[PDB]
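To keep things clear, I will list the structure first and then write my remarks on it.
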Amino acid sequence: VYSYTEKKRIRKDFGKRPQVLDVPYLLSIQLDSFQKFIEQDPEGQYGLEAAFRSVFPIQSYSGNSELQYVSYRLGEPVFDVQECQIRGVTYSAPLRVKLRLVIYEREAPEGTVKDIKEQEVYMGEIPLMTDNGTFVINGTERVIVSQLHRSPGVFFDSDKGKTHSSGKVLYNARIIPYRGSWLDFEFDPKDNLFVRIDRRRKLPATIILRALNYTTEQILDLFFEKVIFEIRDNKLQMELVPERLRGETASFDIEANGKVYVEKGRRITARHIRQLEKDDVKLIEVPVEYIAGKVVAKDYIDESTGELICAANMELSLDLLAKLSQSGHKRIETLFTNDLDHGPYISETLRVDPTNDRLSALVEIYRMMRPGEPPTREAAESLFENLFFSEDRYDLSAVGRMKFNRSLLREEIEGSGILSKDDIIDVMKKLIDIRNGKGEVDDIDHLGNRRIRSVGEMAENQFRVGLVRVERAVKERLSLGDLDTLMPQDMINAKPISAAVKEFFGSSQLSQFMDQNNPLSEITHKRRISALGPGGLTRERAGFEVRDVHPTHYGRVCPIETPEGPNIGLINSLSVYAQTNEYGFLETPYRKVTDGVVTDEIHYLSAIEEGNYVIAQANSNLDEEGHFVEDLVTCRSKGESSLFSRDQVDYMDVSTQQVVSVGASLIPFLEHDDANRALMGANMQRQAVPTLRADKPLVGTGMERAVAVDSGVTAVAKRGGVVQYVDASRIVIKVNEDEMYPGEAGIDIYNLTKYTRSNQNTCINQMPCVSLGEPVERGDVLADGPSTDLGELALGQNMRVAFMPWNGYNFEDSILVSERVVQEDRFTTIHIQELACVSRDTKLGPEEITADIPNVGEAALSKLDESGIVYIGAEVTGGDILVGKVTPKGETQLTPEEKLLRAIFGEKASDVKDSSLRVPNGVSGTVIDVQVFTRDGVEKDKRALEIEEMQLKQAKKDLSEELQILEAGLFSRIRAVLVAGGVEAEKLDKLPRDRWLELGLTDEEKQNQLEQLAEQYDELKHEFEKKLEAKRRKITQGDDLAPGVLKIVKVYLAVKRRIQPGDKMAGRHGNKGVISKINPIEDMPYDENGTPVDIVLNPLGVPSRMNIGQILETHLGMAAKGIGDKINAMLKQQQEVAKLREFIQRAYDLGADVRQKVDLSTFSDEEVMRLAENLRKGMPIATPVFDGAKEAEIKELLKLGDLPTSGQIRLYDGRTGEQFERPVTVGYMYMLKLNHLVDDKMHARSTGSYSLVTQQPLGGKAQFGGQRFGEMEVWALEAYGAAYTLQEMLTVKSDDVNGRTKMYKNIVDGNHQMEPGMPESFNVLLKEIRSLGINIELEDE
Amino acid sequence: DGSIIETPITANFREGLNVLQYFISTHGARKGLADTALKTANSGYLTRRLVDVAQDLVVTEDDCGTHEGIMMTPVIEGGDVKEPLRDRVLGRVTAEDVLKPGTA
């Protein structure tokens, strides 16, 4: 039982495991983050509002003024997404802020206040966002990628053997802010405890204990328990608490309480404490091996004589022990020297430190930022304390204070975004204690310790700094004015926070052009996870911390949805089901136990909790009147794995695709592929492009309907009802009183895109999927887009595939395609691209634009406006004009024996340079839009003023339909309220509305329900009373183009980039390669059906690719498409309606190992038949990745294709009628054509552009350049001994103007020879060397 | 880290790979493909600097009078024949009147 639009389309899952949750709308790290950056939140600590709440009220340091605040705002837009391409200006609107001022009694003592003033002011701009989760910035969808960074606070790592005079093994503690300056704590090479304040040069770690204000025995009371000795009746003894054995380098042997405890060699590292606490020990007796090397902590004396024995900070010795044996005063306080037990590094570095007090421990820090400059007393304190407590220079958020307290095992759920001058003691304790195993490293790449920084967080981090670095003239001049008579505004500049926040989405370190190759690519782009920028590193200044994998990726971040090459792992994607808590820690869905079984009481849990509860793996299985057929439940934790009994479990995974991101989640057999080709599969589906006759993945996962809606590329019934109009750009519906809101007309609208540019110059368009009078439910599909088939995804097309080598072309994932593909105009792609021109501010003001280029290429001119511009709808190719930027030439010399021809005898008209904008040599396809723009006081040019009436026609018509569509709902509600008792109301739905006022209904309140609706009507339609002009003067709008430009012009091209060789293709399972010949339908193998095969791809390569999902998609596609081919034949003869039902139902009904069923007996014998059209493409299939339709199910379903259930068939050759020495792999694969496009990249050159800087060629397609014969390319000619071919590149084909201008013409000499003159790039260098100051010249031989 | 794991893949590509067998072997694949994409620089930069030192050996002359030479051998690591006389000697030239009794 399936919906009303599903009567056209239903997908067949095969999966096996107990999901009770499905796809969430994939875009949240854009969407919810954009909201919380720009939300009026009353008590939160994030976004624009929290940035202002961290700086304002600015109660001035001058004590005479205050710039107060109330809240942000956004409002007052003018551009919209259409103008944000057609014009191009970033889709943005002004940030404005509520500000105030207050002043007090200057003169009296009984009123306390005297003045109060408050307003709004401007404070910047903000880009704007679509329902589709996109943004539009300089003509293009430039979009922020989210970051995955070390969580702010502190970290604790271990440089366990780096380098230098002892390969130095280390442990550390290191500050990492959300915003700010720095501090590290570690050890020097010699092994003193050391520090790097702001990570500058070496300082002894006692300095900061003086700065934070602790004297020597306070440092002991903060970091050291204190060892105790005695001497009793006949022996030496020590005195204890039952944890004081934690590090001892035990050369020695001990008993305590009543058994042996320590023995010769067994170093008592803190692991050992679990020998002692259980045993209540408070006294021990030891060899002298633990009664020296223990530094006495006070002075001691001898009443046997009247004398001393030793002083504080002194050792013990056999003679001192002999005097202690006499003493009377038989006690000693002593220090821990055992390493990590307490770290003696403090005690000893307290005597390897020149600093003495807090002033020295701040003055020496001033030197560490200002060598050779006087340490200005008060600024020596500020320079250090403002590293951690400044208005501009430190923050953590509540998130980073939480991580700080968490990595220190605190209980304070209370604290500050700043540090404190005593929090630092615990950072130092952890370093003193860690360094051989009281603990270990802070679990860095745990995905609840590394943290997400979403789009709105990445914008927030700028406002946490810009408000405390740039406001200078405001912060200055606020001190000076008598603000009883001046205002909370009077010095605020407005230029910078426009561009600096508009283009934070268009030129920022994470805000690239979105991957608009096709819908799947933009859907995953919106949830990309960068490891880069402030919080990570780059591609270059980075190791494997930015590229590899750590097991907490499970359920959260798929390790294969990354670019390839050196870019590996630097940017990733969020798995389908994954999200984050209020700390940006990553989380996942789970099933959960009640009374004895893993119930359907589903939950979500953090990466940290995956390290704290027993999660069963997706393997496990339920039972009859019992519990589990899974006797030995396989389980998992932190990303690791185990085996347990039933009596031991808390949770389980909900699905397998919870471990998988969008591109990877469409690979139906990852059960059978290596990661190196799964990586390719996660990118080839993204490089794929819109095609003229698109067709669906027949094999599939289920994501083939989610990814059709996860960016709105298909329109969907957000309310639903009955379809009421349908048009190639427009759709409307009507609704009923079960939903219809308290005064509406009962309507929705679902209009559709048409032709514009994109970020990889792909085409954009949409088309309907419903018709007049169809009822549709709240989730039915209403339209299609650039990569769909009538209600599901189509990133490509299906083709028949032979997995065999052919006559040479297909060696290395390279692809043969049939002539039949060109006949059907298939894998032809469609593109929309833009080209432009200018007229500069001259001394008058304008510049010329026309078509005059006489006797230079006349046919490439025939296609133009009066203004020198092509027409919308005209075809253009290879060299046609687009915008008439002609330029006259000159030659001028013209003396009585130099007037050789023109200026007397012929062509006595212009010599205009071929400088007008033209179609590039290789481009072909229709002009689709044309524009002209100017400084606004000039109302717009004739070619834009005709296009005003081209755009006005659409709205002038549509609003004349809309007004009728609107009142045909609204007055139909009034008509219905009348029909409820005044049943004769069809005498009224045939009148002017004013004449309904001669009426009445019944002696009951329906009468007054009619009255109040008739009163309300004249207010309601004021909605319509604007509409047409609200598009018009966005076209006739002007914009300034900066001083230097009066006007700008554009043309757009629909480039029909056809199927051709050298272009690139792929399939879902990581097969990727060039189209390497087009083959006649018989120049190809044919099946046991007596029928040829559309594509051929080499299997000899496959064992080096280590992947087999490509074979399984091909074989399951042979069943899936074979169902549709058999339907095309069966629909003709029909045989019996129960025979149409036999095959069409059996295609769905055939299964044996499955959670789902398209049970077509739960659908009627015409729902069976409306579905048959979209089944002629083939049967659509589903399979959660790792839950899938394995080989045995393919070998069952193939009894619908009815071809050999081996998947390996007696192929023939169309040219010869032969049949090969063995059966061969065949089927039908889902395949793709990819935006590498050789079509765009035909770049050769005879001669062209030259770099004035060096007389050498320029380089670039965007420069028509010459290309680099590199140093390695020289090594080949050197190695060959090929000196003339090498010298050719070095002068007569490059910078030597003399050489290249003679060699070009040396064909006219007939003697095609070299005639070089001087390598100008060496002539350049001979004067650059002299411009540095080095003299250089020549000799002769 | 480069070292082996107690967690095998007892299956093969026709038997299949579960989520864990995929996920664990994907760590080794990421490491190997990241070294593939980086450790080339530790050979290409060295190759660039090598040619500056290597260039001048153009075959210019004929015998150079150097009546001395290296006592080369087959690659015999004491206890293998990893390269016979042929491959190492391949169109080099003698520097002594070499003679060995044995069979001819």
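Ordering of the structure tokens sets the chain letters (A, B, ...); residue numbers start at 1 within each chain; ligands are numbered from 1 in the order shown.
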Against chain B, which residues of chain A fall within 9 Å? For each one I want the closest pair of atoms and the distance in Å (one decimal), counting only C-alpha atoms, rows by chain and increasing residue number, as a Markdown table.
| residue | atom | partner | partner_atom | distance |
| --- | --- | --- | --- | --- |
| A:544 | CA | B:34 | CA | 7.8 |
| A:547 | CA | B:34 | CA | 6.9 |
| A:548 | CA | B:30 | CA | 5.6 |
| A:549 | CA | B:27 | CA | 5.6 |
| A:550 | CA | B:27 | CA | 7.7 |
| A:551 | CA | B:24 | CA | 8.2 |
| A:554 | CA | B:23 | CA | 8.0 |
| A:559 | CA | B:26 | CA | 7.3 |
| A:560 | CA | B:26 | CA | 8.0 |
| A:564 | CA | B:37 | CA | 8.7 |
| A:565 | CA | B:37 | CA | 5.5 |
| A:566 | CA | B:37 | CA | 4.9 |
| A:567 | CA | B:37 | CA | 8.4 |
| A:568 | CA | B:34 | CA | 6.5 |
| A:569 | CA | B:30 | CA | 8.1 |
| A:618 | CA | B:19 | CA | 8.7 |
| A:619 | CA | B:18 | CA | 8.9 |
| A:639 | CA | B:20 | CA | 8.7 |
| A:640 | CA | B:20 | CA | 8.6 |
| A:641 | CA | B:20 | CA | 8.0 |
| A:656 | CA | B:19 | CA | 7.5 |
| A:659 | CA | B:19 | CA | 8.2 |
| A:670 | CA | B:17 | CA | 7.8 |
| A:671 | CA | B:17 | CA | 4.6 |
| A:672 | CA | B:13 | CA | 5.1 |
| A:673 | CA | B:13 | CA | 7.3 |
| A:674 | CA | B:22 | CA | 7.5 |
| A:675 | CA | B:26 | CA | 5.5 |
| A:676 | CA | B:29 | CA | 6.7 |
| A:1106 | CA | B:13 | CA | 8.5 |
| A:1107 | CA | B:13 | CA | 7.6 |
| A:1108 | CA | B:13 | CA | 6.9 |
| A:1185 | CA | B:19 | CA | 8.9 |
| A:1186 | CA | B:18 | CA | 6.3 |
| A:1190 | CA | B:16 | CA | 8.6 |
| A:1191 | CA | B:14 | CA | 8.3 |
| A:1271 | CA | B:48 | CA | 8.4 |
| A:1272 | CA | B:48 | CA | 8.0 |
| A:1275 | CA | B:51 | CA | 8.2 |
| A:1278 | CA | B:55 | CA | 8.6 |
| A:1281 | CA | B:58 | CA | 8.7 |
Excluding segment 703-720 of chain A and any residue of its chain fewer than 2 positions from it, enumerate the residues within 6 Å of it, using only C-alpha atoms, and give them as a tab-separated table (two decimals) with N, CA and C atoms, in the first residue's frame.
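Written file, result_16.tsv:
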chain	number	residue	atom	x	y	z
A	25	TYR	N	16.55	15.16	6.84
A	25	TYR	CA	16.90	16.20	5.85
A	25	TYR	C	18.36	16.65	6.02
A	132	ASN	N	16.21	25.17	0.07
A	132	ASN	CA	17.16	24.20	-0.49
A	132	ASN	C	18.51	24.13	0.27
A	701	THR	N	20.01	1.69	-3.43
A	701	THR	CA	20.06	1.57	-1.96
A	701	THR	C	18.80	2.04	-1.26
A	776	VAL	N	-3.30	14.22	-4.34
A	776	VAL	CA	-1.93	13.96	-3.88
A	776	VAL	C	-1.79	14.20	-2.37
A	777	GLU	N	-1.13	13.26	-1.69
A	777	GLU	CA	-0.95	13.22	-0.24
A	777	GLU	C	0.27	14.05	0.21
A	778	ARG	N	0.37	14.36	1.52
A	778	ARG	CA	1.39	15.26	2.11
A	778	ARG	C	2.81	14.65	2.13
A	779	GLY	N	3.40	14.51	0.95
A	779	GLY	CA	4.66	13.82	0.68
A	779	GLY	C	4.78	13.28	-0.75
A	780	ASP	N	3.72	13.36	-1.55
A	780	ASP	CA	3.74	13.04	-2.98
A	780	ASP	C	4.61	14.02	-3.80
A	781	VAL	N	5.20	13.52	-4.89
A	781	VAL	CA	6.18	14.25	-5.72
A	781	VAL	C	5.50	14.89	-6.93
A	782	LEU	N	5.80	16.17	-7.18
A	782	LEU	CA	5.05	17.05	-8.07
A	782	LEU	C	5.86	17.52	-9.29
A	783	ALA	N	7.20	17.46	-9.24
A	783	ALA	CA	8.09	17.85	-10.33
A	783	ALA	C	9.45	17.13	-10.26
A	784	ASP	N	10.23	17.29	-11.33
A	784	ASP	CA	11.52	16.67	-11.65
A	784	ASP	C	12.55	17.77	-12.01
A	785	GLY	N	13.84	17.42	-12.08
A	785	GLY	CA	14.95	18.37	-12.24
A	785	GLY	C	16.15	17.84	-13.05
A	792	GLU	N	12.16	9.97	-9.06
A	792	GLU	CA	13.39	9.45	-8.42
A	792	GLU	C	14.66	9.94	-9.14
A	793	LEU	N	15.82	9.83	-8.49
A	793	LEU	CA	17.12	10.31	-8.97
A	793	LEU	C	17.61	9.61	-10.25
Handout entry: Residues flagged strand (DSSP E or B) by DSSP in segment 302-427 of chain A, as a list in words
Key = residues 302, 307, 308, 309, 310, 314, 331, 332, 333, 334, 394 and 395 of chain A
Can you write just those residues out, C-alpha atoms, as a PDB file, in the first residue's frame?
ATOM      1  CA  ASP A 302      70.623  16.705  68.456  1.00  0.00           C
ATOM      2  CA  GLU A 307      73.987  20.533  68.437  1.00  0.00           C
ATOM      3  CA  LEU A 308      72.691  20.437  64.824  1.00  0.00           C
ATOM      4  CA  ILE A 309      72.538  17.482  62.392  1.00  0.00           C
ATOM      5  CA  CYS A 310      71.427  19.003  59.021  1.00  0.00           C
ATOM      6  CA  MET A 314      69.873  18.624  52.386  1.00  0.00           C
ATOM      7  CA  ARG A 331      61.669  12.808  63.215  1.00  0.00           C
ATOM      8  CA  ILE A 332      62.384  13.902  59.602  1.00  0.00           C
ATOM      9  CA  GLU A 333      60.205  15.617  56.951  1.00  0.00           C
ATOM     10  CA  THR A 334      61.460  14.614  53.437  1.00  0.00           C
ATOM     11  CA  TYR A 394      40.939  35.370  24.915  1.00  0.00           C
ATOM     12  CA  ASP A 395      37.741  33.198  24.805  1.00  0.00           C
TER      13      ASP A 395
END
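Residue nearest residue 653 of chain A within the list A:1062, A:18, A:519, A:1317: A:18 [criterion: smallest interatomic distance, only C-alpha atoms].
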Exercise for the section: Record the distance separating atom CA of residue 809 of chain A and atom CA of residue 1098 of chain A, expressed in Å with one decimal. Expected result: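 Taking atom CA of residue 809 of chain A as the start and atom CA of residue 1098 of chain A as the end point, the length is 9.0 Å.
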Problem - residue 593 of chain A surroundings by only C-alpha atoms, 10 Å radius, close-in-sequence under 2 positions cut, as a ChimeraX atom specification - result: /A:591,595-602,649-652
Problem - Atomic separation - atom CA of residue 1237 of chain A relative to atom CA of residue 800 of chain A, Å - result: 23.1 Å
Problem - Test item, alpha helix (DSSP H) assignment across segment 742-862 of chain A, answer as a ChimeraX atom specification - result: /A:819-823
Problem - Residue contacts of residue 251 of chain A (10 Å, only C-alpha atoms) excluding same-chain residues fewer than 3 positions away, as a ChimeraX atom specification - result: /A:248,262-267,287,289-290
Residue subset to file, keeping C-alpha atoms, as a PDB file, in the first residue's frame:
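See selection_20.pdb below for the written result:
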ATOM      1  CA  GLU A 248      59.999   4.091  43.451  1.00  0.00           C
ATOM      2  CA  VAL A 262      58.614  -4.570  47.010  1.00  0.00           C
ATOM      3  CA  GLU A 263      61.548  -6.616  45.586  1.00  0.00           C
ATOM      4  CA  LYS A 264      64.919  -5.913  43.800  1.00  0.00           C
ATOM      5  CA  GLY A 265      64.095  -4.432  40.339  1.00  0.00           C
ATOM      6  CA  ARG A 266      60.268  -3.907  40.413  1.00  0.00           C
ATOM      7  CA  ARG A 267      59.864  -0.088  39.805  1.00  0.00           C
ATOM      8  CA  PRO A 287      67.029  -0.723  53.500  1.00  0.00           C
ATOM      9  CA  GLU A 289      68.407   2.273  49.646  1.00  0.00           C
ATOM     10  CA  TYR A 290      65.252   4.353  50.553  1.00  0.00           C
TER      11      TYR A 290
END
Problem - Near-residue 1184 of chain A list (8 Å; only C-alpha atoms; drop same-chain fewer than 3 positions) as a ChimeraX atom specification - result: /A:15,655-657,665,668,701-702,1187-1188
Output file for the selection above: N, CA and C atoms, as an mmCIF file, in the first residue's frame:
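Writing done, so here's selection11.cif:
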data_model
loop_
_atom_site.group_PDB
_atom_site.id
_atom_site.type_symbol
_atom_site.label_atom_id
_atom_site.label_comp_id
_atom_site.auth_asym_id
_atom_site.auth_seq_id
_atom_site.Cartn_x
_atom_site.Cartn_y
_atom_site.Cartn_z
ATOM 1 N N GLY A 15 16.727 -5.503 2.057
ATOM 2 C CA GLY A 15 17.525 -5.576 3.290
ATOM 3 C C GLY A 15 16.968 -6.410 4.458
ATOM 4 N N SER A 655 20.770 1.076 11.922
ATOM 5 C CA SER A 655 21.010 0.768 10.513
ATOM 6 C C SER A 655 22.505 0.554 10.265
ATOM 7 N N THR A 656 22.870 0.251 9.025
ATOM 8 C CA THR A 656 24.267 0.212 8.572
ATOM 9 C C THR A 656 24.691 1.540 7.937
ATOM 10 N N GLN A 657 23.801 2.182 7.169
ATOM 11 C CA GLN A 657 24.025 3.501 6.563
ATOM 12 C C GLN A 657 24.261 4.630 7.584
ATOM 13 N N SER A 665 26.639 6.174 0.398
ATOM 14 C CA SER A 665 25.355 5.537 0.737
ATOM 15 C C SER A 665 24.525 5.092 -0.475
ATOM 16 N N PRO A 668 25.552 0.054 -3.792
ATOM 17 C CA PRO A 668 24.730 -1.053 -3.260
ATOM 18 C C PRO A 668 25.446 -2.371 -2.897
ATOM 19 N N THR A 701 20.007 1.690 -3.428
ATOM 20 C CA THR A 701 20.060 1.565 -1.964
ATOM 21 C C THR A 701 18.796 2.041 -1.257
ATOM 22 N N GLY A 702 18.014 2.913 -1.895
ATOM 23 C CA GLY A 702 16.860 3.620 -1.329
ATOM 24 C C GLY A 702 17.090 5.132 -1.316
ATOM 25 N N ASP A 1187 23.669 -4.378 4.209
ATOM 26 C CA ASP A 1187 22.404 -5.090 4.487
ATOM 27 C C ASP A 1187 21.910 -5.818 3.206
ATOM 28 N N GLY A 1188 22.768 -6.046 2.200
ATOM 29 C CA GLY A 1188 22.325 -6.044 0.800
ATOM 30 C C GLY A 1188 21.905 -7.348 0.106
#
Handout entry: Gap from atom CA of residue 76 of chain B to atom CA of residue 92 of chain B - Å, one decimal
Key =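 Straight-line distance from atom CA of residue 76 of chain B to atom CA of residue 92 of chain B works out to 19.0 Å.
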Practice task
Within 10 Å of residue 38 of chain A, counting only C-alpha atoms, which residues show up once you throw out same-chain ones fewer than 5 positions away? Write them as JSON, numbers by chain, please.
Solution key: {"A": [33, 46, 47, 48, 49, 72, 73, 74, 95, 126, 456, 460]}
Take the residues from that selection and write them out as a PDB file, in the first residue's frame, keeping N, CA, C and O atoms.
ATOM      1  N   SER A  33      22.414  26.039  11.981  1.00  0.00           N
ATOM      2  CA  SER A  33      23.557  26.893  12.300  1.00  0.00           C
ATOM      3  C   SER A  33      23.374  28.334  11.811  1.00  0.00           C
ATOM      4  O   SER A  33      23.646  29.269  12.566  1.00  0.00           O
ATOM      5  N   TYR A  46      25.830  32.110  22.015  1.00  0.00           N
ATOM      6  CA  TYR A  46      26.296  31.893  20.641  1.00  0.00           C
ATOM      7  C   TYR A  46      25.734  32.938  19.654  1.00  0.00           C
ATOM      8  O   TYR A  46      24.772  33.643  19.964  1.00  0.00           O
ATOM      9  N   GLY A  47      26.327  33.018  18.463  1.00  0.00           N
ATOM     10  CA  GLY A  47      25.846  33.854  17.351  1.00  0.00           C
ATOM     11  C   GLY A  47      26.115  35.359  17.501  1.00  0.00           C
ATOM     12  O   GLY A  47      26.808  35.796  18.424  1.00  0.00           O
ATOM     13  N   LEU A  48      25.567  36.157  16.574  1.00  0.00           N
ATOM     14  CA  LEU A  48      25.706  37.624  16.543  1.00  0.00           C
ATOM     15  C   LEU A  48      25.327  38.279  17.876  1.00  0.00           C
ATOM     16  O   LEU A  48      26.078  39.091  18.413  1.00  0.00           O
ATOM     17  N   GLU A  49      24.180  37.890  18.437  1.00  0.00           N
ATOM     18  CA  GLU A  49      23.706  38.394  19.727  1.00  0.00           C
ATOM     19  C   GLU A  49      24.724  38.167  20.852  1.00  0.00           C
ATOM     20  O   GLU A  49      24.986  39.084  21.626  1.00  0.00           O
ATOM     21  N   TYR A  72      20.581  42.911  18.196  1.00  0.00           N
ATOM     22  CA  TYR A  72      20.708  42.888  16.732  1.00  0.00           C
ATOM     23  C   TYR A  72      19.365  43.044  15.972  1.00  0.00           C
ATOM     24  O   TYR A  72      18.284  43.087  16.566  1.00  0.00           O
ATOM     25  N   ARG A  73      19.428  43.083  14.639  1.00  0.00           N
ATOM     26  CA  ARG A  73      18.324  42.921  13.681  1.00  0.00           C
ATOM     27  C   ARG A  73      18.908  42.643  12.290  1.00  0.00           C
ATOM     28  O   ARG A  73      20.036  43.033  12.000  1.00  0.00           O
ATOM     29  N   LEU A  74      18.095  42.034  11.436  1.00  0.00           N
ATOM     30  CA  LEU A  74      18.291  41.883   9.995  1.00  0.00           C
ATOM     31  C   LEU A  74      16.990  42.356   9.320  1.00  0.00           C
ATOM     32  O   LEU A  74      15.905  42.160   9.880  1.00  0.00           O
ATOM     33  N   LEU A  95      22.691  44.146   8.617  1.00  0.00           N
ATOM     34  CA  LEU A  95      22.781  44.019  10.069  1.00  0.00           C
ATOM     35  C   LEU A  95      22.661  45.407  10.720  1.00  0.00           C
ATOM     36  O   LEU A  95      23.519  46.278  10.558  1.00  0.00           O
ATOM     37  N   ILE A 126      24.626  40.726   6.042  1.00  0.00           N
ATOM     38  CA  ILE A 126      24.582  39.260   6.162  1.00  0.00           C
ATOM     39  C   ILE A 126      24.026  38.648   4.861  1.00  0.00           C
ATOM     40  O   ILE A 126      22.929  39.028   4.444  1.00  0.00           O
ATOM     41  N   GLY A 456      27.405  28.779  10.954  1.00  0.00           N
ATOM     42  CA  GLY A 456      27.112  29.909  11.832  1.00  0.00           C
ATOM     43  C   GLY A 456      28.138  30.094  12.950  1.00  0.00           C
ATOM     44  O   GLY A 456      28.434  31.224  13.330  1.00  0.00           O
ATOM     45  N   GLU A 460      30.346  33.394  13.493  1.00  0.00           N
ATOM     46  CA  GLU A 460      30.412  33.890  14.880  1.00  0.00           C
ATOM     47  C   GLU A 460      31.849  34.196  15.327  1.00  0.00           C
ATOM     48  O   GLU A 460      32.109  35.246  15.919  1.00  0.00           O
TER      49      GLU A 460
END
Problem - Close residues, residue 1316 of chain A itself excluded, 7 Å, only C-alpha atoms, min 5 positions apart in chain, as a ChimeraX atom specification - result: /A:1291-1292,1298-1299
